[PDB]
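As structure tokens, one chain now follows by itself in the form deposited in one PDB entry.
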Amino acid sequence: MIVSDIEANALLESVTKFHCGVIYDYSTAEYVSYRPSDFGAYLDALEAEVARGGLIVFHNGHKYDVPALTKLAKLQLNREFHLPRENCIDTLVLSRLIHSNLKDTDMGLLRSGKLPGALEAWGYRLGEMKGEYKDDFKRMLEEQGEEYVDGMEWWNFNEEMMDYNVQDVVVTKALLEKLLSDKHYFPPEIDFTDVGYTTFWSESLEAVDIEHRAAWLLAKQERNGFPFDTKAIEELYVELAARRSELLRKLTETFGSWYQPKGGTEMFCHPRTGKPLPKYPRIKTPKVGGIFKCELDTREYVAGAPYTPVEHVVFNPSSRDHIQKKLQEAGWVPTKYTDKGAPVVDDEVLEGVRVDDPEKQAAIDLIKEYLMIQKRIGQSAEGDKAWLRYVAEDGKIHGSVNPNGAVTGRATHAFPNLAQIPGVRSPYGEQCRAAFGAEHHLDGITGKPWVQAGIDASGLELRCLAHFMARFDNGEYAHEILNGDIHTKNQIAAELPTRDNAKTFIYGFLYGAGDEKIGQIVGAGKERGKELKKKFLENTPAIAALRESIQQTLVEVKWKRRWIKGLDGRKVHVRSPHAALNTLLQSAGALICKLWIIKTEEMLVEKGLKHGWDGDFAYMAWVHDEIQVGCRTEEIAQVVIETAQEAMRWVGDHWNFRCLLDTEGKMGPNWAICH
């Protein structure tokens, strides 16, 4: 086993030069430094470890070091270098598995200061190295009187960089050993720094292997990117922008501008008693100024004559305070307030506001439309993370994915978040989803557009629930899902009027639907919602049994254990005993979907298909229970769809799932059609 790290001149997308690298070999216990001209020898050392059936440890190597070395080897040495997945270990991936209850800065892309909770120390240092190096560099330059230019610390190799590279491996080794010390994932009887790659994966907990396969696959997905129709969005943006201006024009006419205190320095004090008047707006008291200089003083102020500085404010529909101010003046009486005491001003509340001025009542609809238009504009074009700001030269958006970003094992997505694109059922959703599609990528050889295969796990949440309650109902629920009609079964369990009421009700328990939100499905409130839940549970004893069994393993708020064992054996941190069941369900679904996409890609590759734009298919996005895959031809799209079903069945059998697992696939040109 060896631990290593490299320094290069840029992020993966544009890296062109290897600066240095360091390798620590456990078999010799020595650190070896490789400078710019030692690049070929560096690669040779890594391949020698592979020749021995060994392992290579990197921190964030799956996303950066490994693919960067392949790229740089071809570019600088005209050499084919491809480290096999099975020989690589990533301490960042390992950290996210073992310390899944903690956030991390994802190698400095996130400000550590804004994250909630504590941060693992070694990982913190590794993520901050770039920023620390830049500060040393900047400090040294200025000490010598020369100007610092953004990013210049990475243009050339220097010994300070080499020193940071060494420190990096030192810390990565420390991190590695701390992670291997966790007996839950690594049996204490084995020294994992002294085994071949096969032993490492086979003797460690299954979750270790699964997380590395997931990270390897998702790194490839990031590199593939999601083909994006830039022109379509630029045109959508003109349309939205014009509608925004028109709504603003209409709203500013209806709601006039006004003046507010602004810039006042001193406190207004009663002129007679001198009593400070903290609540009055702040004033300013001219130090100079008079009537004459006699020649008249054409200055606006008079020494000692106080005034209140004010500013002109134009109605801003994006301001929930402006909205609240104008609606109350129109006679609106707020009923829902926030902790800070502010009136709630969201779409549901606005939908319910009634004022007698006809034009102002109608303006509420304009305001809601305006908020929605802005939402779309911010996401597609104006926000810091807008799609138009991220689309690359290859015409694709390469969104980042943290394979194990959430406590439950779900992945998190960002830069931009491709897991939050408006659905086809929402306003402008069809145009948004249509702009993301394999059709927008032209084949590198033939110029013909690729086609898309959209595959989703069918009702995964209910099947996970069925699985876990099988211990209590012997598969009754699972049997109903796949043979009868689980929805009408739940409809009867509860009392809800129609079948669709049951579908809303059930999903409600899953996605934070409170009692008021429940009763509000049949046209009521809390009570008719608090009774619907109880009634449902009394008519579905297996769910109640599951809930008590889950908590008996966690509680006696003294805990017996603060985690639940996931499908692959990992610890899944439970935040609240009340959220235990959903934690259990969401985690099962996440691990099932993770193994599923891993197995699907392996089977496609086993069938001889090549992953990549220069091949047959390309993973473009993975959004929890769904994957969008670009395919060179319709025939391949068909194979992907069939293979994904086979892979899902393999997963169900692999973990002895008590409910049969299924998928449904659709072929089309884009995400709008493959929903």
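Only the largest set of C-alpha atoms that superpose within 1.5 Å between the two forms is called the rigid core. Just count from 1 along the sequence shown to find any residue number.
Unshown form deposited in another entry; subsequent notes refer to it.
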Shift test between this form and the one not shown (rigid core reference, C-alpha, 2 Å or more cutoff) over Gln520, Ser95, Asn224, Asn87 hits only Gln520
C-alpha of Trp450 off by 2 Å or more between this form and the one not shown on rigid core
no
Please say whether, between this form and the one not shown, the C-alpha of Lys336 moves by 2 Å or more once the core is aligned.
no
Taking the rigid core as the superposition reference, indicate whether the CA of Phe536 shifts 2 angstroms or more between this form and the one not shown.
yes
At a change of 3 Å or more, would you call the C-alpha separation of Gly512 and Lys336 in the other form closer or farther than in the form supplied?
farther
Your call: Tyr511 and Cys432 CA atoms, closer or farther in the other form versus the shown structure, by 3 Å or more?
farther
